[PDB]
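Here's the structure we're looking at; comments come further down.
Read the figures in this text as sums done on the coordinates, not as results from a lab. A quick note on method: Cβ atoms are made from the backbone with ideal geometry, for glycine too, and the neighbour counts reach across all protein chains shown.
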Amino acid sequence: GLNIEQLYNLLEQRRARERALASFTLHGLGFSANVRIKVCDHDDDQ
Amino acid sequence: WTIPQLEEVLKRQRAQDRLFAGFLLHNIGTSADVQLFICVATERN
């Protein structure tokens, strides 16, 4: 239900949002596969 | 503590229940310590 102007306004309002991204550098291993990713607290040290 | 007054103490020690951990060990080449840790549920650390 969104026209050109509608998706336009959506894109400008979306450009201002602040996001957390995962950057991926993948290549393929000769077979289709999936990766599940999880976040955890910054505890690098019961 | 000389001989005749510690057997009752040993009996008292054995009377109360205790916990334990068992080990089977052999020669590893160099004398070294062993460190044990006790993980508990909550993830797990």
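Before moving on, here are some points about what is shown:
- Considering residues of chain B that are more than 26 Å from residue A:43 (Cα to Cα) and basic (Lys, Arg) only, the residue farthest from the other protein chains (Cβ to nearest Cβ): B:11
- Restricting the first member to the stretch A:1-24 and to residues that are over 24 Å from residue A:35 (Cβ atoms), and the second to residues that are surrounded by 10 or more Cβ atoms within 10 Å (Cβ to Cβ) and of a type outside the set (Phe, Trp, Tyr), the beta-carbon pairs closer than 8 Å and six or more apart or on different chains are A:2/A:10.
- Residues of the stretch B:1-36 classified as acidic (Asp, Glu) and in a helix (DSSP H, G or I), total: 2
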